[PDB]
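This is what each chain is made of:
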Amino acid sequence: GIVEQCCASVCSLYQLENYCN
Amino acid sequence: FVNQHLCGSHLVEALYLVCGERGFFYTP
Ligand SMILES: Cc1cccc(O)c1
Ligand SMILES: [Cl-]
Ligand SMILES: [Zn+2]
């Protein structure tokens with residue numbers, strides 16, 4: 001999930017944007 | 001994990017900012 005990718009390591013905004021609608 | 005709880009709080013503010021008009025669903 002997003003908590004596993006982005007809380008174990010620091011996501012970028014391009015990455016975060018994957019989880020948008 | 002309290003650290004994840006804290007992290008998630010920041011994640012949703014980030015989603016809010018990046019997703020904009022699109023919006024988003026948060027599903028831990
Ligand atoms: C913007 C943001 C907040 C928390 C974790 C991350 O990987 C990224
Ligand atoms: Cl924090
Ligand atoms: Zn904090």
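As drawn, each chain counts its residues from 1 in written sequence order, possibly unlike the entry's numbers, and residues without coordinates are not displayed. All chains are assigned letters beginning at A, and all ligands numbers beginning at 1, according to the order in which they are written. As a convention, hydrogens and water are excluded, and side-chain values are obtained from all of the structure's heavy atoms.

Let us now look at the interface of chain A and chain B. Listed as interface residues are ten residues of chain A and, on the opposing side, 13 residues of chain B. Throughout, buried area stands for the accessible area (probe radius 1.4 Å) lost by two parts on being put together, summed over both. A per-residue breakdown of the area chain A buries against chain B is headed by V3, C20 and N21 of chain A, which together make up 45% of the total. In what follows, salt bridge is the name for a side-chain nitrogen of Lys or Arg lying within 4 Å of a carboxyl oxygen of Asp or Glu. At the junction of chain A and chain B, the tally comes to one salt bridge. Contacts described as polar in this section are N or O atom pairs within 3.5 Å, which, within protein, must combine one atom able to donate a hydrogen with one able to accept it, while residues neighboring in sequence count only if both atoms come from side chains. Applying the counting criterion to the chain A and chain B interface returns three residue pairs in polar contact. Contacts are assigned to residue pairs that have any heavy atoms within 4.5 Å of one another.

A separate point is helix 1 (residues 2-19) of chain B. Residue and element names in this part refer to chain B. By the criteria applied, helices consist of DSSP H or I runs no shorter than four residues and strands consist of E runs no shorter than two, each listed in order from the N terminus. Each residue after the first adds 1.5 Å to the expected span of a helix. In this model, helix 1 (18 residues) spans 25 Å end to end at C-alpha, consistent with the 26 Å of a helix rising 1.5 Å per residue. Using a 1.4 Å probe on the protein chains alone, a residue whose accessible area is under 20% of its type maximum counts as buried, one over 50% counts as exposed, and one in between counts as partly exposed. Turning to helix 1, its buried residues number three or more, namely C7, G8, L11, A14, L15 and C19. Each buried residue of helix 1 lies within a common arc of 125° when the element is viewed along its axis, so the set occupies one face. Opposite the packed face of helix 1, turned more than 90 degrees from it, sit the exposed residues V2, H5, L6, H10, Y16 and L17. One or two residues past the end of helix 1 sits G20, with phi positive at roughly 55°. It is the directions from the helix axis to the C-beta atoms that the arc portrays.

Here we come to the pattern of salt bridges. Opposite charge on two side chains permits them to pair, given that their charged atoms come into close proximity. Under the counting rule described, the total for this entry stands at one salt bridge over all chains. Of the charged contacts in the structure, one is a salt bridge between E17 of chain A and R22 of chain B, with a shortest N-O distance of 3.4 Å. With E17 of chain A in the segment after helix 2 (13-16) and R22 of chain B in the segment after helix 1, this pair bridges two chains. Judged by relative accessible area, which is 33%, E17 of chain A ranks as partly exposed.

All quantities given are derived from atomic positions and should not be read as evidence of function.
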